[PDB]
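Worksheet for the structure shown next.
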Amino acid sequence: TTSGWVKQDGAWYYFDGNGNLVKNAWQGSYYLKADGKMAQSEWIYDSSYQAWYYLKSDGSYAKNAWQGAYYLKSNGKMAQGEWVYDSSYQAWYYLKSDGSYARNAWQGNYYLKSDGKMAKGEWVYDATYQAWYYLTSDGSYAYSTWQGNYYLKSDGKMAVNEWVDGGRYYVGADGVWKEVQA
Ligand SMILES: C[N+](C)(C)CCO
Ligand SMILES: C[N+](C)(C)CCO
Ligand SMILES: C[N+](C)(C)CCO
Ligand SMILES: C[N+](C)(C)CCO
Ligand SMILES: C[N+](C)(C)CCO
Ligand SMILES: C[N+](C)(C)CCO
Ligand SMILES: C[N+](C)(C)CCO
Ligand SMILES: C[N+](C)(C)CCO
């Protein structure tokens, strides 16, 4: 009898302790498919974990990693319809329900930049609205409030050439409240 990992007819198989092929199951970091062949460079849906996994070229599952537009979490599970923090890039991302990362787009009160990174404590220009927005320290857009000498209106858009904040302050066309006091 045989136990452990065995390569046969071009594929890797895993023999369990009773010398039998493991099929439709994990063995360590590796997944054995319906015919017993080790998954490699491919996506697998595990019905028991209710999640997609990506097996890399060496057979081991991807974790804390991108595969194309898709993110595998620390437990290997593909992210779906959720926020994740990638500690290696020090960046938040939003993975849509289809799995692919959001980019150049709002998600709730948050904005994902062109490479998917959530904006945070920074100004962004929304090409579709043709207006500046300010994302606060937690990512959520500022509204009905000042950021420095600029005012974000109730929909978050930067004010220009108008009276703002209870009609008390005038911002010029450049958006700046020009401070001239006695
Ligand atoms: C990564 N998924 C398998 C979930 C989609 C592939 O297009
Ligand atoms: C390590 N295994 C033998 C499981 C596969 C080699 O890629
Ligand atoms: C753009 N990301 C790096 C965030 C994923 C692409 O693989
Ligand atoms: C093997 N799983 C990927 C299912 C869990 C991580 O240990
Ligand atoms: C609000 N602006 C983007 C115009 C300037 C601040 O960076
Ligand atoms: C709440 N988000 C996850 C969207 C950003 C972290 O503050
Ligand atoms: C002085 N600012 C106008 C910038 C803030 C007023 O609250
Ligand atoms: C989320 N936006 C800033 C795009 C609109 C909120 O009113």
Side-chain angles (χ1 to χ4, degrees), residues 39 41-47 49-57 60-182:
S41 296
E42 69 189 291
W43 288 94
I44 283 289
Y45 189 86
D46 194 320
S47 293
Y49 285 91
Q50 286 96 320
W52 288 98
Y53 297 84
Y54 187 73
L55 293 315
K56 294 179 286 182
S57 67
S60 57
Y61 69 96
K63 53 175 180 184
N64 300 308
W66 295 90
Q67 177 63 29
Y70 304 103
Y71 188 79
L72 296 313
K73 300 185 286 177
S74 62
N75 59 5
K77 297 193 173 181
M78 187 193 69
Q80 275 180 281
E82 67 189 292
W83 290 92
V84 303
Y85 185 77
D86 185 319
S87 296
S88 299
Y89 283 80
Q90 295 176 27
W92 285 96
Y93 301 87
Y94 185 76
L95 293 311
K96 299 182 279 156
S97 38
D98 68 353
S100 65
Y101 67 97
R103 71 315 276 301
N104 298 310
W106 292 87
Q107 177 63 36
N109 298 324
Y110 306 92
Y111 185 82
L112 294 316
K113 294 178 281 188
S114 69
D115 58 358
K117 295 180 174 169
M118 188 193 77
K120 180 173 138 50
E122 67 187 285
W123 289 92
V124 304
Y125 188 80
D126 187 284
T128 59
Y129 295 122
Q130 299 183 22
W132 288 97
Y133 291 80
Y134 184 73
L135 295 314
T136 64
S137 65
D138 73 353
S140 60
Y141 70 97
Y143 60 94
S144 295
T145 194
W146 293 88
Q147 173 59 28
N149 301 305
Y150 302 97
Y151 187 79
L152 298 310
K153 299 174 65 165
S154 65
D155 62 359
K157 293 184 194 175
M158 190 182 75
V160 290
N161 193 1
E162 57 189 308
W163 290 87
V164 303
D165 191 6
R168 291 174 291 178
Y169 297 93
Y170 173 79
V171 294
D174 60 3
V176 177
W177 180 68
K178 293 201 191 300
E179 182 160 28
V180 178
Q181 311 218 18

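The figures that follow rest on heavy atoms only: side chains count, while hydrogens, waters and symmetry mates do not. Note that the numbering runs from 1 along the sequence shown for the chain.
By the side-chain contact (heavy atoms from CB on, under 4.5 Å) test, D155 pairs with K153, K157, sequence neighbours left out. Taking the ring pair (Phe, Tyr, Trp, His ring centres under 6.0 Å) definition, one finds that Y133 meets it with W106, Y129, sequence neighbours left out. Shown here are the ring pair (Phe, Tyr, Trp, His ring centres under 6.0 Å) partners of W66, two or more places apart in sequence or in another chain: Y71, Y93, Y101.
When side chains are defined from C-beta on, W146 counts as touching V164, because their heavy atoms get closer than 4.5 Å.
Interatomic distance, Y151 OH to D165 CG, rounded to the nearest 0.5 Å: 4.5 Å. Separating the NZ atom in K120 from the CG atom in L135 is a distance of 10.5 Å, to the nearest 0.5 Å. In this structure, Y54 OH and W43 CH2 are separated by 8.0 Å, a value rounded to the nearest 0.5 Å. Taking OH of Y169 as the start and CH2 of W163 as the end, the distance is 11.0 Å to the nearest 0.5 Å. Rounded to the nearest 0.5 Å, atoms CE (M158) and CG (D126) are 13.0 Å apart. To the nearest 0.5 Å, atom CG of residue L72 and atom NZ of residue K77 are 12.5 Å apart.
A pairwise comparison of heavy atoms in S144 and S154 identifies OG-CA, 3.4 Å as the closest pair. Looking at every heavy atom in both residues, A69 comes nearest to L95 through O-CD1, 4.1 Å. Closest heavy-atom contact between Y85 and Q90: OH-CA, 3.2 Å. Between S57 and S41, the shortest heavy-atom distance links the atoms CA-OG, 3.3 Å. Scanning all heavy atoms of the two residues, the minimum distance from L152 to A142 falls at CB-O, 3.6 Å. The two residues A173 and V160 have their closest heavy-atom pair at O-CG1, 3.2 Å.
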Start with the C-alpha gap between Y170 and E162, add the side-chain angles, then the distance that decides, and say whether side-chain contact (heavy atoms from CB on, under 4.5 Å) holds. CA-CA 6 Å; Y170 173 79; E162 57 189 308; 5.9 Å; no
side-chain contact (heavy atoms from CB on, under 4.5 Å), that's the test. Do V124 and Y141 meet it? Break it down for me. CA-CA 10 Å; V124 304; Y141 70 97; over 6 Å; no
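For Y89, the OH atom counts as loosely surrounded, since its 6.0 Å shell holds 12 or fewer non-hydrogen atoms of other residues, nucleotides or ligands.
Aromatic rings from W92 and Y110 are positioned such that their centres are separated by 6.0 Å or more.
With hydrogens and angles ignored, the 3.5 Å screen pairs a side-chain donor or acceptor of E82 with a backbone N or O of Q80.
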